[PDB]
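**Student:** For reference, the structure I am asking about is given below.
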Amino acid sequence: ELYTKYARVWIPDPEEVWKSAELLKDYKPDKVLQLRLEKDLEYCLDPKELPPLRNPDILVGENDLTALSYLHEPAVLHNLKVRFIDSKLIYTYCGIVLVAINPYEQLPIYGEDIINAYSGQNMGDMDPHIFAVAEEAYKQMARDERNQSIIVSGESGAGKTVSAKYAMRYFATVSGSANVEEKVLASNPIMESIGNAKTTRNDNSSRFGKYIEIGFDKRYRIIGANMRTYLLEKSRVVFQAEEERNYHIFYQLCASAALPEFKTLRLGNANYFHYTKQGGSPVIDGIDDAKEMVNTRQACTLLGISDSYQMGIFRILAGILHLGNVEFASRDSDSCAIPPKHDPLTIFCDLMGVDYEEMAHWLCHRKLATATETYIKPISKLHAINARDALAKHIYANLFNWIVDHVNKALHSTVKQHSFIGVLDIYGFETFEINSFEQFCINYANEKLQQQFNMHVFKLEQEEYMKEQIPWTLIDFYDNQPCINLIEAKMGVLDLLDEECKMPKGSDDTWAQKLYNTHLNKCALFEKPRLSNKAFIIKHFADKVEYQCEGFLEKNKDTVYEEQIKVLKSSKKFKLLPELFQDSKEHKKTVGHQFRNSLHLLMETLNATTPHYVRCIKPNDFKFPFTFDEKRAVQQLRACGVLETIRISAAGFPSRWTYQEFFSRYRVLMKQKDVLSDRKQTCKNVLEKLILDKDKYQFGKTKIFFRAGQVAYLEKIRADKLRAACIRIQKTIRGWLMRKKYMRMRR
Amino acid sequence: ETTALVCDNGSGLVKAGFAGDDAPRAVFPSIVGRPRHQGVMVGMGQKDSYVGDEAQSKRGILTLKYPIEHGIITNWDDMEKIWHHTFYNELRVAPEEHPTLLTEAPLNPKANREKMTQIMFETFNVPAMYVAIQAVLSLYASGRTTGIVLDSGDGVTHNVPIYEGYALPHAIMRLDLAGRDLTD
Ligand SMILES: Nc1ncnc2c1ncn2[C@@H]1O[C@H](COP(=O)(O)OP(=O)(O)NP(=O)(O)O)[C@@H](O)[C@H]1O
Ligand SMILES: Nc1ncnc2c1ncn2[C@@H]1O[C@H](COP(=O)(O)OP(=O)(O)O)[C@@H](O)[C@H]1O
Ligand SMILES: [Mg+2]
Ligand SMILES: [Mg+2]
Ligand SMILES: [Mg+2]
């Protein structure tokens, strides 16, 4: 079998996810392996698994992880670890995907000489680099007018922004120049301020998907850029878990409060306001939010938001903060009122230019109109609080869309866009010790993107199989559609959640009970956690994730009362507040439904386009330059779906050889009888002797296709033959030389 | 996409609309008038019968009939006229495209439900429908899973106790007092 003496295997280890071991006695079918480690060990072979075999060293370090014959977690982690630590290469293909590892260090590779070296070169020609993706997108756009996308995924801090920056720098250099890249880089401070938040694992996490469209003219000169956004995490504006913050802008604003300009806002310290206070952790270590405010305002100026509009924005945000302090006294089970002369509401009305008496009335009552007849009726303290928080979320989302539209006004250019290349910065799959509605939406968006990826890769495989005239049937599609239908179908988790929001006396216990009713035993992907009746498990593409129900109903509710909008629309103190709304069923939509719609807009934008994928990984938490941590990276390779992409490629024909290079490699196996001057027929004759099963390889037109094991098996038998020949020859040489010394001994 | 129609036949007012909007956009009395005087002027566009607000506007010259008395539909052709008027004129929606949800008082004859369903499937060709108890819907409307609902329209009054979503059908009381006989 493959497990012979002097084989090598990966064995699991607590402190680095896998470690190498040499098989010290060959294995036979049973329960024992004698292993030797770089010392001496015995390892129980136990159900069943044999330990993962190790690739022959010729394969280790190659530019494409799918060139490996054994494809599995430790071989991938080893090839990335050696290339990064030893070579200090940071880019590696996986199939179509480019894997990019954050070095936390500057590098020379982005010089314009290398930009020129990549230009016009196909991916085969040159070692992988982000420019090799940009150039591919550029030439795909040139061949066929179809727009192109570049898609960048990973945990925040993996370097997605710098990857996009160099990607567009490539376009700027190859097209020549129109000063887009400066404006786009100058926009990042405000989008990071309004759109990023501290999270339990990570500072400056981005809670939205940002899509930059670089537009080209008929010459493929850079015209200008357009910016869209999707999947904003609205629910964070009003609620945070422990050790989380609100969006940075709120804390930059609060810390500024001592400044002369912001005096009129009557801002307090960041733990005074209810929306900032909840998270527990007002201060990020190593950031001065008061200083960050200056960079934010500077970038507003550079993008030409007038200081009138800037003071409008900070007015609106202080409005949201003061609004969050408004506190309702329940005068009945079905009625509430705002205590008289309420200072939070007095300051909110002063800031926003509205009649105190109208906000005080409409916050506590809601209005219904039959076509002839209208009734004003009170609402409980719970509905009043839910409606105040839905108003704060609706104001924030409209301010965000407004700042994005005023950035777009600065980035657009008047030339008609012939076609565009677009770059999508999006968060990757996410798992924490506690998982919640935010993580549920993020993992559903990632299930959608991973489906569209798998189906693009399947299309490209069917094309390559046509190109080599191999039957299509050999490749099977791997479809995560059952998990999408689990999450988003009617009677899905989101559907039952939107039902339980309107249901009377809905609660997280009865929602969970409806979940267990519908899907506890009907779906393999939904499971109940053994010890709890308040949580549920979904088997996602990457991993099983356990979600707690306990938050979702509060986070899912949006309903905004028209009268409360019309109060703000009536404001005349300042012009931004009526401008935000200027724009009915949407006011009834839950956060989950707005999310599913923004995700369908995103999938429409992407399906129109031809994607190219980049995955970013963050090799260590502490930002040490060129250090690597196996237990961090295995987590991020799992979350980026690189490991499942490799698993899906390991079934099929992952290893592909040109007949020329195959023959060059394995002449040693061929007997001089059977070497023809046609290489291809020699190879077809020989491989059927060397490998018994025709299933294990396919003869393409120009390339030989192997299943995973076979190329390493041929390398093993080659090396063992060459060992036998070497030993036999060298014993002959040594024998002659001792015979010569014997001839001396006679002489 | 497709949104159910919701219709409550009552006595007196019809009120109807689309599911998931908050108040009915058709409301009108369930009344049918037929003219009783000799028509004199030739060429007037004079009409065989009037429904709803038409029969309120012209009521000086009409005999007004209620097709529903004490929640029982006594006259079926006029009830078909009232539904035809509701779907085509008031909502301007073709009923083949929408499930319909219909409301009834408890403890009234079964023939009323059999005929309501035979009519909605055979003449209107409504793809799907349901018949709901009037009192049960007032709990959905008031945000509760528990309570004794007291309901009075025109015609029938009834009490229905409900506790955590279970009805108690032996305790349902029904009374014919309400609303029209106050006017008489
Ligand atoms: N290819 C690279 N070369 C050099 N430094 C890099 C590279 N990629 C990332 N970095 C460093 O990684 C850090 C963060 O990178 P950046 O692109 O700014 O990510 P980011 O701002 O955190 N966006 P996000 O990951 O969504 O939070 C900086 O110190 C960068 O210098
Ligand atoms: N404001 C009111 N005060 C007293 N009686 C009313 C009022 N409005 C309607 N009614 C009476 O109640 C009855 C209508 O109630 P309604 O709920 O529309 O009946 P149904 O439930 O059969 O549709 C009529 O008899 C009408 O005269
Ligand atoms: Mg950064
Ligand atoms: Mg970022
Ligand atoms: Mg009624």
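Heads up, residue numbers simply count up from 1 along the chain you see.
Going by what the header records, the deposited coordinates were determined by electron microscopy, 2.9 Å.
Backbone N, Cα and C define each Cβ position, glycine as well.
Per Swiss-Prot, the features are:
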- A:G154, A:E155, A:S156, A:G157, A:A158, A:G159, A:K160, A:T161: ATP binding site (BINDING)
- A:599-621: region 'Actin-binding' (REGION)
- A:722-744: domain 'IQ 1' (DOMAIN)
**Student:** Which residue counts does DSSP give the domain 'IQ 1' (A:722-744) for helix, strand and coil?
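**Tutor:** Helix, strand, coil within the domain 'IQ 1' (A:722-744): 23 helix, 0 strand, 0 coil.
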**Student:** Among the binding-site residues A:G154, A:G157, whose Cβ has the fewest other Cβ atoms within 10 Å?
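**Tutor:** Each of the binding-site residues A:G154, A:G157 was scored; lowest Cβ tally within 10 Å is A:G157.
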**Student:** Other than its close neighbours in sequence, what residues sit by the domain 'IQ 1' (A:722-744), given a CB gap under 8 Å and a spacing of at least six beyond its ends?
**Tutor:** 668
**Student:** Looking at Cβ-Cβ distances, which residues of the chain lie under 8 angstroms from A:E155 (ATP binding site) while being 6 or more apart from it?
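**Tutor:** Spatial neighbours, sequence-distant, of A:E155 (ATP binding site): A:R201, A:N202, A:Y427, A:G428, A:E430, A:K618, A:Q636, A:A639.
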**Student:** So if I take the binding-site residues (A:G154, A:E155, A:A158, A:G159, A:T161) and measure from each Cβ to the nearest atom of ligand 4, which come out below 6 Å?
**Tutor:** A:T161
**Student:** Within 8 Å of the centroid of the Cβ atoms of A:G154, A:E155, A:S156, A:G157, A:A158, A:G159, A:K160, A:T161, which other residues of that chain place their own Cβ, given that this set defines the recorded ATP site?
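**Tutor:** My list of surrounding residues reads A:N102, A:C616, A:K618.
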**Student:** Tell me which binding-site residues (A:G154, A:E155, A:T161) have a Cβ under 6 A from ligand 1; sequence order is fine.
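**Tutor:** Only A:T161 qualify.
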**Student:** Measure from the Cβ of A:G159 (ATP binding site) and count the other Cβ atoms within 10 Å, all protein chains considered.
**Tutor:** 21
**Student:** Can you break down the region 'Actin-binding' (A:599-621) into helix, strand and coil residue counts using DSSP?
**Tutor:** 9 helix, 6 strand, 8 coil
**Student:** Including all protein chains shown, what's the count of other C-beta atoms within 10 A of the C-beta of A:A158 (ATP binding site)?
**Tutor:** 22
**Student:** Radius 10 Å, atoms counted are CB only; among the binding-site residues A:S156, A:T161, which position scores highest?
**Tutor:** A:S156
**Student:** Helix, strand or coil for A:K160 (ATP binding site)? Use DSSP.
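**Tutor:** SS state of A:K160 (ATP binding site) = helix.
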**Student:** I'd like the number of other C-beta atoms within 10 A of the C-beta of A:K160 (ATP binding site), please.
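**Tutor:** Around the Cβ of A:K160 (ATP binding site), 26 other Cβ atoms lie within 10 Å.
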